[PDB]
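Some notes on the structure that comes next.
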Amino acid sequence: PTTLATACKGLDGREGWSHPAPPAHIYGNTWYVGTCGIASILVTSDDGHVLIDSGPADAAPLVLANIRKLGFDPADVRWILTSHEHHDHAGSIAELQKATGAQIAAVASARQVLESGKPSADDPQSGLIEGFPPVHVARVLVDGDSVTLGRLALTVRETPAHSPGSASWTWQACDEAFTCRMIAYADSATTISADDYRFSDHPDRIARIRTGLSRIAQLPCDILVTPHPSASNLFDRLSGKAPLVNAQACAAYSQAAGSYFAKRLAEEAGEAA
Ligand SMILES: [Zn+2]
Ligand SMILES: [Zn+2]
């Protein structure tokens, strides 16, 4: 009787990223096991589990504990996946992997950063953002691929709105009464950069953004979940304060991110004196 929502009140910002949160149940075989600021998703089967995102570089033990505190063995997670290739979300993929033995799978657009720890030359945020400890990508994926673990099937989309390597994930979950819902772990969708960076000068990046917004908006999406919980109002929805199921969430979320992006392009235009 503790609640993610009240347990993390006021910790949406930086203070929360490495700040411990009680694990929670999202739906069916899917569990929140991240911190107050950064999500980490556990997807369970008898055949083994899948885990998405590590949280910041120092957060490995926090989520390792949230796993056990739920009655699951971290030795049972067979795959570690990622939303996108920034330290706050993947910063301890490495430590999380050797503490678990899992293999790592990722979209090709992310592989280079993941295997080097340095953000991509195409990332609007380098070299503002910092790096994290590298990892070897065992299975490198293409848009529409499926990570399969027994009857588990997590299917990935390249969604490059926020970074070049951004990925969004989708899978089915069913409650105790065999009501089934599609969960969408839709990546951060914010178009943000270092100061000197201009999207107008990078048509590749702009075209990839449009592709990502379009794919995010069309994900099968009964239950939206975001690498930053507040981006999808996740703690209130998990804590009965707001509706957990809303099949229109991904569309609205993408529409909003796209609205933000257009304001940013307009700002860059009006800097053309
Ligand atoms: Zn990021
Ligand atoms: Zn983030």
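Naming works like this for the structure tokens: A, B, ... for the chains as they're shown, residue 1 at the start of each chain, ligands 1 onward in shown order.
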Requested in this report: Using only C-alpha atoms and all ligand atoms, find each residue with an atom at most 8 Å away from ligand 2 and format the answer as an NGL selection string.
Outcome: :A and (38 or 86 or 88-89 or 188 or 227-228)
Query raised in the report: Can you tell me which residues sit at most 12 Å away from ligand 1, counting only C-alpha atoms and all ligand atoms, written as number ranges by chain?
Result: A: 38, 53, 55-56, 82-91, 119-120, 123-126, 128-131, 160-167, 187-193, 226-228
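Within the 8 Å cut-off around segment 258-267 of chain A, using only C-alpha atoms and omitting residues fewer than 4 positions from it on the same chain, the listed residues are residues 190, 191, 199, 200, 213, 254 and 271 of chain A.
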**Report entry** Selected residue of minimal separation from residue 9 of chain A among A:33, A:248, A:230, A:185, counting only C-alpha atoms
**Finding:** A:230
Requested in this report: From the DSSP assignment of the backbone, select every residue of segment 113-203 of chain A that is alpha helix (DSSP H), and format the answer as a PyMOL selection string.
Outcome: chain A and resi 113-116+203
**Report entry** Residue with smallest distance to residue 215 of chain A - pool A:144, A:272, A:78, A:242, counting only C-alpha atoms
**Finding:**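 When distances to residue 215 of chain A are compared using only C-alpha atoms, the smallest one comes from A:144.
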Requested in this report: Within 10 Å of residue 236 of chain A, counting only C-alpha atoms, which residues show up once you throw out same-chain ones fewer than 5 positions away? Write them as an NGL selection string, please.
Outcome: :A and (3-6 or 229-230 or 241-244)
Please produce an output containing N, CA, C and O atoms for each residue in the selection, written as a tab-separated table (two decimals), in the first residue's frame.
chain	number	residue	atom	x	y	z
A	3	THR	N	2.32	2.86	-3.40
A	3	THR	CA	2.09	3.65	-4.61
A	3	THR	C	3.37	4.21	-5.21
A	3	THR	O	4.21	4.80	-4.51
A	4	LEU	N	3.53	4.03	-6.52
A	4	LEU	CA	4.60	4.72	-7.22
A	4	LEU	C	4.39	6.23	-7.19
A	4	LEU	O	5.33	6.99	-6.94
A	5	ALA	N	3.15	6.67	-7.39
A	5	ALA	CA	2.85	8.09	-7.51
A	5	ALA	C	3.30	8.86	-6.27
A	5	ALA	O	4.14	9.76	-6.36
A	6	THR	N	2.73	8.54	-5.11
A	6	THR	CA	3.14	9.26	-3.91
A	6	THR	C	4.58	8.92	-3.53
A	6	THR	O	5.32	9.81	-3.09
A	229	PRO	N	8.83	8.39	-16.99
A	229	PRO	CA	7.43	8.08	-16.66
A	229	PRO	C	6.48	9.25	-16.86
A	229	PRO	O	5.37	9.05	-17.37
A	230	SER	N	6.89	10.47	-16.49
A	230	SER	CA	5.98	11.61	-16.56
A	230	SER	C	5.58	11.91	-17.99
A	230	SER	O	4.47	12.39	-18.24
A	241	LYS	N	-4.89	6.76	-10.21
A	241	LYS	CA	-5.29	8.15	-10.34
A	241	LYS	C	-5.75	8.48	-11.75
A	241	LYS	O	-6.59	9.35	-11.94
A	242	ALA	N	-5.23	7.78	-12.75
A	242	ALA	CA	-5.59	8.05	-14.14
A	242	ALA	C	-5.74	6.75	-14.91
A	242	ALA	O	-5.26	5.70	-14.48
A	243	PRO	N	-6.42	6.80	-16.06
A	243	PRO	CA	-6.71	5.57	-16.82
A	243	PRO	C	-5.43	4.94	-17.36
A	243	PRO	O	-4.67	5.59	-18.08
A	244	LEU	N	-5.21	3.67	-17.02
A	244	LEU	CA	-4.05	2.95	-17.53
A	244	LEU	C	-4.21	2.62	-19.01
A	244	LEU	O	-3.21	2.61	-19.75
Report task. Would you please work out which residue, of A:65, A:245, A:146, A:105, is nearest to residue 179 of chain A when using only C-alpha atoms? Result ->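 Closest residue, counting only C-alpha atoms: A:245.
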Query raised in the report: So how many Å separate atom CA of residue 173 of chain A and atom CA of residue 152 of chain A, to one decimal?
Result: 9.7 Å
Requested in this report: Please run DSSP on the backbone and report, as a ChimeraX atom specification, all residues within segment 66-205 of chain A that come out as strand (DSSP E).
Outcome: /A:77-81,103-107,139-141,146-149,152-158,167-174,180-185
Query raised in the report: Using only C-alpha atoms, which residues sit within 8 Å of segment 22-26 of chain A once same-chain residues fewer than 6 positions away are excluded, as a PyMOL selection string?
Result: chain A and resi 3-4+7+32-35+66-67+69-70+238
Got time to write the residues from that selection, N, CA, C and O atoms, as a JSON list (two decimals), in the first residue's frame?
[["chain", "number", "residue", "atom", "x", "y", "z"],
["A", 3, "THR", "N", 2.32, 2.86, -3.40],
["A", 3, "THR", "CA", 2.09, 3.65, -4.61],
["A", 3, "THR", "C", 3.37, 4.21, -5.21],
["A", 3, "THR", "O", 4.21, 4.80, -4.51],
["A", 4, "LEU", "N", 3.53, 4.03, -6.52],
["A", 4, "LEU", "CA", 4.60, 4.72, -7.22],
["A", 4, "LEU", "C", 4.39, 6.23, -7.19],
["A", 4, "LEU", "O", 5.33, 6.99, -6.94],
["A", 7, "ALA", "N", 5.02, 7.68, -3.74],
["A", 7, "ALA", "CA", 6.40, 7.36, -3.39],
["A", 7, "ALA", "C", 7.42, 8.22, -4.16],
["A", 7, "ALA", "O", 8.54, 8.40, -3.69],
["A", 32, "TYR", "N", 7.03, -2.41, -13.89],
["A", 32, "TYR", "CA", 7.93, -1.27, -13.73],
["A", 32, "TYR", "C", 8.96, -1.61, -12.66],
["A", 32, "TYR", "O", 8.60, -2.01, -11.55],
["A", 33, "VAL", "N", 10.23, -1.45, -12.99],
["A", 33, "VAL", "CA", 11.31, -1.84, -12.09],
["A", 33, "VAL", "C", 12.39, -0.77, -12.12],
["A", 33, "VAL", "O", 13.51, -0.99, -11.64],
["A", 34, "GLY", "N", 12.06, 0.39, -12.69],
["A", 34, "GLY", "CA", 13.00, 1.49, -12.79],
["A", 34, "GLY", "C", 13.02, 2.33, -11.53],
["A", 34, "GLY", "O", 12.55, 1.91, -10.46],
["A", 35, "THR", "N", 13.57, 3.53, -11.66],
["A", 35, "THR", "CA", 13.65, 4.51, -10.59],
["A", 35, "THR", "C", 12.49, 5.49, -10.69],
["A", 35, "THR", "O", 11.63, 5.39, -11.57],
["A", 66, "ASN", "N", 14.83, -4.18, -7.62],
["A", 66, "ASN", "CA", 13.41, -4.14, -7.94],
["A", 66, "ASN", "C", 12.96, -5.45, -8.57],
["A", 66, "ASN", "O", 11.80, -5.85, -8.40],
["A", 67, "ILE", "N", 13.85, -6.12, -9.29],
["A", 67, "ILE", "CA", 13.55, -7.44, -9.83],
["A", 67, "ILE", "C", 13.28, -8.43, -8.69],
["A", 67, "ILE", "O", 12.20, -9.02, -8.59],
["A", 69, "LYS", "N", 12.85, -7.96, -5.45],
["A", 69, "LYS", "CA", 11.73, -7.53, -4.63],
["A", 69, "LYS", "C", 10.39, -7.90, -5.24],
["A", 69, "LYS", "O", 9.38, -7.86, -4.53],
["A", 70, "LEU", "N", 10.34, -8.27, -6.52],
["A", 70, "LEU", "CA", 9.13, -8.76, -7.16],
["A", 70, "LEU", "C", 9.06, -10.28, -7.20],
["A", 70, "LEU", "O", 8.06, -10.83, -7.68],
["A", 238, "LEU", "N", -0.64, 4.15, -13.10],
["A", 238, "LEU", "CA", -0.34, 2.95, -12.34],
["A", 238, "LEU", "C", -0.97, 2.99, -10.96],
["A", 238, "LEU", "O", -1.29, 1.94, -10.38]]
Report task. Please provide the set of residues having any atom within 12 Å of residue 93 of chain A, restricted to only C-alpha atoms, with same-chain residues fewer than 3 positions apart removed, written as an NGL selection string. Result -> :A and (40 or 51-61 or 63-64 or 79-90 or 96-106 or 114-115 or 117 or 132-137)
